[PDB]
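Asker:
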DNA sequence: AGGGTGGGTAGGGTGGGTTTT
DNA sequence: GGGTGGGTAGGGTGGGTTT
Ligand SMILES: [K+]
Ligand SMILES: [K+]
Ligand SMILES: [K+]
Ligand SMILES: [K+]
Ligand SMILES: [K+]
Ligand SMILES: [K+]
Ligand SMILES: [Mg+2]
Ligand SMILES: [Mg+2]
Ligand SMILES: [Zn+2]
Ligand SMILES: [Zn+2]
């Protein structure tokens, strides 16, 4: 990836107009990181790819150069729902922009074809779906005449990861986008994406066959976010009492988001928050757009303070004043938590990202990812983040962002960097060998053990048939033992076994593959605990 | 890829039943290459991947091992249309096999669930779509019960390339198949595909979590095939006259296939064969499936001695006695020609694969391949194959199948190996310098040159506005002028320019990027012609 | 929006228990 | 069907091009 330091300057001939346009029509004071760098590249008539997290400010990077240059700027966008969002703010700001898709009516298409060749037109941005390029000979005909007339001057490829079959949401219609610049060379092209893997970019650069393209990446770090992991209470009705105590005590009157695992959690937390005086909402997949668009308005217009949903929020209008993102259960992966929690504090003021870590959540979510090839493995990354108490939460998230994460320091903006004066590391081998005793007795008695059943027999609870006749209880609180077993699960000394039935996939605990290392007398397993 | 030499033996303990089941139940005489090798690996309880060309006989490699083992063998298949084709052959040989999909009737699922646990069941093969694994908790429950009862013993994954997001026709449900051996470890799995690229295969091994896996590839070479390229006549009436004299002269009474470029050509060649006494074929994409299944029966029962089909003549075509594959125009790529022409001579007797090369075809196909990644580059591979007159056609086909093509010799069954003539190299610079003078004069007058307009002005015909006022005609046949210009097009001394209009993609010829090398008086471009 | 000693051969998966198109 | 018949104009579900 190229170095953008040499482009963060305001001495170009267009710098006078870009700074003018930035403040008076877009109503923004300064540039976000790499906004100025990328804008300088497009106005100089060269190719640029921009990697920036969702909500980073990618929309401005091709809207602004259109307003200080002539013609329209063509924006390739994968979805109509996203294109309508862009038109709502562009037409709000007094900028003339329109959109074209397969569903556009007959009367509307005639009006835009008219404006695409009128030199006296005010149209500066024309959004189209990739079908309008590959599967429309007519639109390609009008682009050809507009290019000959110097009316088609810039190209914008939003969500450029769809070019590569390596990147998520690969569209076969998106691979055709290489045809634009080969026949329209004088028009600059810009690519935008949230996916950071470099090899997907280079494949997009080959399909979008300009190899000599500058590639800028913004710092995926959000310094105004505070990350924290709290233990999830065993009793649910006591937990939701603790939620209101935190909302009222910390975030009184400020809007936020609550992420839950399942749809039944999303609704039950909503109505149980409303009864306690917190205006809540649900955003989980089904109902009628009309009856789950109101909740968007009610949250934007602040009739409701929190939106308790399951994961499909996708809610940036930049939602600028989001002060807190509390998770009821952990997200499926680290790339899911960063995306979901990263929607807070878009005003760059201090916002909180709170994750509630529950031992029961590990196995219910693990049971459902068994059809994602790396599902449990991505989940264990999230669980490792939860049980980790000694490292900066920002550094744990950074391990998934190798190419796009800058080394900027936490500066005491995580749970672990303020609290937690120094540690000690203790041996936990005997507890691991103890757990094998209950699992080996279960194999002898043809009994299968749920995670709950394993703790019970360990403590001296549950079926006496499952008890180890001479094994003594560990004399530790149940919250510590739920963190001991999960460590053995992450460390692969214990493994998850799944049983498929008609209703659901239920997770059991069985002896792990690394338990044979305990036959070695010199083997030692350790955990980092508090001294 | 692993070496199957140590496995090409019939002295294993199960070999007594293999020879019996192969000849007495499947009613076939001899194993095809790698059929015996792969079966020996499966019967030893080891996972194996088999790469074999389409129509090579990979289907037998999991049908036979089911008959020598207890219980059924589970076959993962991507399409209902493919499973129905196999079940027809399964029913006629007297082996009980069934299939399951989302459209299966409520009565049918209740019957198969019963057989999946009946120790006295006759069922030996159970075909399912990937939805029955990923999106069916109930079928997974019964697969789970069948595994404990030792009735579920083998796993078959047909079209395994769909697991990888790199391979064509990718299904997201195929990435979930990693659960099969993850939860059914004692059951062996076999993977099958027609795509040979190694990175897709290694991805499939990780997707289904078998890193320890044998990988066999069959020789994509078909020695019984004769490859030939003939020049296409200018008049379409004389071409069909030359086609009929080929069927009558060489291929009297035996069935074959004719592939055409366009849908209009398929129906025009059809009716022109009927009037000349040739039993027609009519294969297209837009007619009712009733018609699609008709042309198969009349072709299978030899009521028609040809199916003059378009691209996608519809493989699961399994007709062994196809003695000729005449192409009316060239295929889109080399990977497409091998697939289309390879459907001849499955009885291992000498069949001909003849391609007709037309100068007008180069640009008609170019207009449809310039809209998708890379194919115009793939199209030039075919044109290079056509104009090549000194190299074995088997070597030209081999260059696209590097990893899976054995160096076994042609033995004089291709167009270039029987011509027995060789030639020196002649200079063609003046003709290239001549063509540039006409292309630059057209650009000065703001006129664009079609391929036809370029030939006319060169010969001294066509519009006088386009003549050079000198540059007296080359006095060579138009057949030479077509192959000289196309050679300059491959060598990039000429390039294709496209104009998009409301009805068509029109290809034009313009000065190429390598024309600047002709400013050097020492530059020489040469062509090989016949001596 | 139930629980798994209530059962999965006659109870079935659109009856319900687990997130995006 | 043909492109000097035209595309600020007639529209592409009217037809000239691959599953
Ligand atoms: K039930
Ligand atoms: K027309
Ligand atoms: K029930
Ligand atoms: K019931
Ligand atoms: K017309
Ligand atoms: K007309
Ligand atoms: Mg965006
Ligand atoms: Mg097959
Ligand atoms: Zn920190
Ligand atoms: Zn040869």
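Protein chains in written order, with PDB author numbering: chain A, 62 to 592; chain B, 62 to 592.
All C-beta atoms in this analysis are idealised placements derived from N, C-alpha and C, irrespective of residue type, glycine included.
Under the criterion of a Cβ to heavy atom distance below 7 Å, does residue 188 of chain A qualify as lining ligand 1?
Answerer: The answer is no for residue 188 of chain A.
Asker: Using the DSSP secondary-structure output, state which residues sit across from residue 276 of chain B in a beta bridge.
Answerer: Residue 276 of chain B is bridged to B:110.
Asker: Is the closest heavy atom of ligand 2 to the C-beta of residue 564 of chain B under 7 Å?
Answerer: Yes.
Asker: Suppose you measure from the CA of residue 565 of chain A to the CA of residue 347 of chain A; what does that come to, to the nearest Å?
Answerer: Going by the C-alpha atoms only, they are around 21 Å apart.
Asker: Ligand 7 heavy atoms versus the CB of residue 142 of chain A: any closer than 7 Å?
Answerer: No - ligand 7 has no heavy atom lying nearer than 7 Å to the Cβ of residue 142 of chain A.
Asker: So, does the CB of residue 432 of chain A fall closer than 8 Å to a CB anywhere in chain B?
Answerer: Answer yes: the Cβ-Cβ gap between residue 432 of chain A and chain B drops below 8 Å somewhere.
Asker: So that I know if they touch, is there some Cβ in chain B lying closer than 8 Å to that of residue 227 of chain A?
Answerer: Judged by the 8 Å Cβ criterion, residue 227 of chain A is in contact with chain B.
Asker: Considering only C-alpha positions, which residue in the set B:375, B:239, B:83 is nearest to residue 143 of chain B?
Answerer: For the residues B:375, B:239, B:83, the minimum Cα distance to residue 143 of chain B belongs to B:375.
Asker: Out of B:317, B:188, B:517, B:548, state which residue places its alpha-carbon closest to the alpha-carbon of residue 614 of chain B.
Answerer: Residue 614 of chain B falls outside the range modelled here, since chain B spans only 62 to 592, and no answer is possible.
Asker: Which chain A residues are close to residue 202 of chain B, counting only those with a beta carbon under 8 Å from its beta carbon?
Answerer: Near residue 202 of chain B (Cβ distances below 8 Å), the residues of chain A are 561, 562, 563.
Asker: Can you tell me whether DSSP reads residue 249 of chain A as helix, strand or coil?
Answerer: Three-state DSSP puts residue 249 of chain A in a strand.
Asker: Can you tell me which of B:546, B:472, B:469 puts its alpha carbon nearest to the alpha carbon of residue 492 of chain B?
Answerer: It is B:546.
Asker: Within 10 angstroms of the Cβ of residue 419 of chain A, are there 16 or more other Cβ atoms? Answer buried if so, exposed if not.
Answerer: That one is buried.
Asker: If I measure Cβ to Cβ from residue 146 of chain A and keep anything under 8 Å in the same chain, skipping five residues before and after, which residues do I get?
Answerer: Cβ neighbours of residue 146 of chain A beyond the five flanking positions: 378.
Asker: Less than 8 Å between the CB atoms is what I'm expecting for residue 370 of chain B and residue 318 of chain B, so what's the real figure, rounded?
Answerer: Rounded, the Cβ-Cβ distance is 6 Å, consistent with contact.
Asker: Let me see if you follow: with CB-CB separation under 8 Å, is residue 193 of chain B close to chain A or not?
Answerer: False, the Cβ-Cβ gap to chain A never drops below 8 Å.
Asker: With distances taken Cα to Cα, identify the nearest neighbour of residue 106 of chain B among B:116, B:204, B:573, B:134.
Answerer: When only C-alpha atoms are compared, the closest one is B:134.
Asker: Do you know offhand how far residue 540 of chain B's Cα is from residue 529 of chain B's?
Answerer: The alpha-carbon atoms of residue 540 of chain B and residue 529 of chain B are separated by roughly 22 Å.
Asker: Is residue 477 of chain A close to ligand 9? I mean its beta-carbon at under 7 Å from any heavy atom of the ligand.
Answerer: Yes, the beta carbon of residue 477 of chain A sits closer than 7 Å to at least one heavy atom of ligand 9.
Asker: Just tell me which of B:385, B:372, B:339 has its CA closest to the CA of residue 364 of chain B.
Answerer: For the residues B:385, B:372, B:339, the minimum Cα distance to residue 364 of chain B belongs to B:339.
Asker: Give a yes or no on whether 8 Å exceeds the smallest Cβ distance from residue 244 of chain A to chain B.
Answerer: Taking Cβ atoms only, chain B reaches closer than 8 Å to residue 244 of chain A, which makes this a yes.
Asker: So which of B:194, B:519, B:543 has the shortest CA-CA distance to residue 294 of chain B?
Answerer: Residue B:543 is the option with its Cα nearest to residue 294 of chain B.
Asker: Would you mind giving the Cβ-Cβ distance between residue 573 of chain B and residue 591 of chain B, rounded to the nearest angstrom? I have them listed as a contact below 8 Å.
Answerer: Their Cβ separation, rounded to whole angstroms, is 26 Å, which puts residue 573 of chain B and residue 591 of chain B out of contact at 8 Å.
Asker: Residues with a Cβ closer than 6 Å to any heavy atom of ligand 8, in chain order?
Answerer: Selection output, chain order preserved: B:119, B:120, B:219.
Asker: Less than 8 Å between the CB atoms is what I'm expecting for residue 117 of chain A and residue 279 of chain A, so what's the real figure, rounded?
Answerer: About 6 Å; that satisfies the 8 Å criterion.
Asker: So residue 109 of chain B packs on residue 99 of chain B, CB below 8 Å; how close in whole Å?
Answerer: Right, their Cβ atoms sit about 6 Å apart.
Asker: Quick check on residue 84 of chain B: buried or exposed, where buried means 16 or more other Cβ atoms within 10 Å of its Cβ?
Answerer: Answer is exposed; the Cβ neighbour count stays below 16.
Asker: Quick one: complete beta strand (DSSP E) runs, 3+ long, within the segment 203 to 230 of chain A?
Answerer: Whole beta strand (DSSP E) segments, 3+ residues: 213 to 218.
Asker: What does residue 289 of chain A pair with, by DSSP beta-bridge criteria?
Answerer: A:415, per the DSSP bridge assignment.
Asker: If the cut-off is 7 Å on Cβ atoms, which residues from the segment 233 to 263 of chain B count as contacting chain A, listed in chain order?
Answerer: Cβ contacts with chain A: 236, 237, 239, 240, 244.
Asker: If we cut at 8 Å on Cβ distances, does residue 176 of chain B have a partner in chain A?
Answerer: Chain A, which has no Cβ nearer than 8 Å to the Cβ of residue 176 of chain B, makes this no.
Asker: Please classify residue 398 of chain B: does DSSP put it in a helix, a strand, or coil?
Answerer: Helix.
Asker: Spatial neighbours of residue 488 of chain B within its chain, please: CB distance less than 7 Å, with the 5 preceding and 5 following residues excluded, ordered by chain position.
Answerer: Once the five neighbours on either side are set aside, the close Cβ partners of residue 488 of chain B are 585, 587.
Asker: On the DSSP bridge list, what partners appear for residue 370 of chain A?
Answerer: The partner list for residue 370 of chain A (beta bridge, DSSP) reads A:320.
Asker: Pick out whichever of A:247, A:281, A:195, A:217 has its Cα sitting closest to the Cα of residue 210 of chain A.
Answerer: Selected option, being the one with the closest Cα: A:247.
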